[PDB]
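S.K.: Got a structure for you, questions after.
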Amino acid sequence: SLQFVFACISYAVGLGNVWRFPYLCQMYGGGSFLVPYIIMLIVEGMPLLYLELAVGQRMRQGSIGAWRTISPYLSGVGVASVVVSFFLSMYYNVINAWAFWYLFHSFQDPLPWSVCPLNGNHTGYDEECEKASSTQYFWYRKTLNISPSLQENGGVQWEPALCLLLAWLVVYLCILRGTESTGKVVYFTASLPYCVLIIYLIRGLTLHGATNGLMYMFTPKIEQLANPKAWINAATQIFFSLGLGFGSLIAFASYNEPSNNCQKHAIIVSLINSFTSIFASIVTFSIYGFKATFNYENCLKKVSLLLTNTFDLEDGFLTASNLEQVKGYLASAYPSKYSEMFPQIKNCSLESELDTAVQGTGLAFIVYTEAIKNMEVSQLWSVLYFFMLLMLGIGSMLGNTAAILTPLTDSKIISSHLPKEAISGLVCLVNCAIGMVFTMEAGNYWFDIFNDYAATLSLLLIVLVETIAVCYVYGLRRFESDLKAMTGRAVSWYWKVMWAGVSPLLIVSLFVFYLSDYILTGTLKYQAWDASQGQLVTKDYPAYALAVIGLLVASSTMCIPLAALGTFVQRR
Amino acid sequence: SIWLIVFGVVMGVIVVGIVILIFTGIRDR
Ligand SMILES: *[C@@H]1O[C@H](CO)[C@@H](O)[C@H](O)[C@H]1NC(C)=O
Ligand SMILES: *[C@@H]1O[C@H](CO)[C@@H](O)[C@H](O)[C@H]1NC(C)=O
């Protein structure tokens, strides 16, 4: 019935493609990132998703069991599929914390991101809140309290820490309570995000200067199309959104009937995920284009007002549509006065604003708060959207934590030493203790590090290992014969070609290009808030942050080879 | 402080729910 299709939708719609995708799309030039993603969907999404589902269905085991049955000296990869998930559980729930925060500041008539606080004389606005938008000031100062540079970090902020603790308690409560009731929840926890995004698209397309954002998002600029970072980010994002590498897909496929259809399931899941991500990006970039157009209008208005006040002009004589000509006339009238303010005049254009209006790990929150503050009944829409985002985050965290606990649940030694219900509490406590780092003054920088590198190389390496093992280790012909015996209609030559030498080759080529780019540039830099300019400035990563990122990647990458060496020694 | 009051209420509700769930689990023991 339609319940199965709704369950597939719920598995496909998650916090990943709704929150992470718009920020990546804006970072990498919009269309110049959207084109690879689709290309990275028909090549790496559907084939690898179907391979994972088929492996899970055929093996009738968990992730560790499935990757141990195929080959002994490869079973360590099953441990790796845990480690990455662990790191995800380290930081992903932090997102929910922010949601909680942004929910709790939604029951006030003067919304905290609606009106800028006064300087103190009760006559003007804060310099940071004047240079930056109200939403950006609320996000970067009253929510994260971010420090200008990663080198200087303060103590653990108590309010974000409390929000994170609340998020972890909610996750633990959901773990203890729900195990099989989701069948009812799927009737409601799967269609609400689509309704919310429909409402926000309705609002966004009614805003002035909204189509500029869509035109920017769908424009594939060839200048930035050749950036390897865009391809690598698209690949890691599609792998993170589909759930590849985490091992949850294999665990879910192990619980389904041997005659259950998988090709249709994989294609439907992949296409639904891509379409949902595209729709969310459309809405977010409509709102972002509205913000950029509003900033452009504001800058033109400020320049026009300044020129009118310094040249004794009429209130309406100088407009945006006839600016430069008038300036030229002033250049012909008396350049002595014109040069007195020539450095003061600013050159503002739509392209530059669209490139740098809003950016960072919190593009979704800033953009949607901007959209909410331009509504009719702001509080209701804010509550609905943040509840939807919190529900998506809780569902994704439930899936990830179940994938983490399942190998630990299967541990006979662990189960006989501690109660099964206490392992979840211990995991939640440890994850909260580790994730308390992201609540410092510079915690957002660490969150950015763990959003860029805790899932980039690890997922790609795990997927490459899986496709190599199912490609040549077990034998593609044997796998096809087993699948044909299980269900018939043996794999079409498209799937066999994709699994044989297309996906591994493409992933290896992307990795080589990324490594070469990093080696040649050698300038891995992060964005940092600058209150004086009220913008984002690129700054070089310090040594210790690079060491932390390298260690985080290296543990996940070396989880497999170390266990392979251990198994080889055990054999020898 | 609207947000602090709402956070306190939500935390109390979550604490009560977790306490009753753990009590039921202990009963399962
Ligand atoms: C606020 O008052 C102080 C008093 O010294 C003054 O220095 C400051 O310029 C005032 N603010 C503005 C925006 O003029
Ligand atoms: C604006 O354009 C003029 C024209 O060359 C240039 O001299 C100036 O540096 C640019 N920027 C500003 C802030 O005026």
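The chain as shown is numbered from 1 upward.
Method of determination (from the header): electron microscopy, 3.8 Å.
Yeah, the Cβs are placed from backbone N, Cα and C, and that goes for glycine too.
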S.K.: Tell me whether A:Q57 and A:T521 fall on the same side of the membrane, as recorded in Swiss-Prot.
M.R.: no
S.K.: According to Swiss-Prot, one residue in A:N145, A:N347 is annotated as N-linked glycosylation site; name it.
M.R.: A:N347
S.K.: For the transmembrane segment (A:33-53), which recorded stretch in the set A:156-176, A:185-205, A:232-252, A:380-400, A:456-476 gives the largest number of Cβ pairs separated by under 8 Å?
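M.R.: Most Cβ pairs under 8 Å with the transmembrane segment (A:33-53) come from A:232-252.
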S.K.: The transmembrane segment (A:267-287): which same-chain residues, six or more beyond its ends, come within Cβ distance under 8 Å?
M.R.: 5, 8-9, 11-13, 17-18, 21-22, 25-26, 30, 34, 37-38, 41, 45-46, 49-50, 193-194, 197, 200-201, 204-205, 207, 210-211, 213-214, 216-217, 241-242, 363-364, 367-368, 370-371
S.K.: Roughly how many Å separate the Cα of A:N347 (N-linked glycosylation site) from that of A:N121 (N-linked glycosylation site), to the nearest whole number?
M.R.: 31
S.K.: What is the number of residues in the topological domain 'Cytoplasmic' (A:54-69) that are helix, strand and coil, as DSSP sees it?
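M.R.: Each residue of the topological domain 'Cytoplasmic' (A:54-69) counted once, the result is 13 helix, 0 strand, 3 coil.
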S.K.: Which sequence-distant residues neighbour the transmembrane segment (A:495-515)? Criterion: at least 6 residues beyond either end, Cβ under 8 Å.
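M.R.: Same-chain contacts beyond the flanks: 43-44, 46-48, 50-51, 228-229, 231-232, 235, 263, 457, 460, 463-464, 467-468, 470-471, 476, 480.
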S.K.: Honestly, do the transmembrane segment (A:185-205) and the transmembrane segment (A:380-400) touch, with at least three Cβ pairs under 8 Å and pairs 6 or more apart in sequence?
M.R.: yes
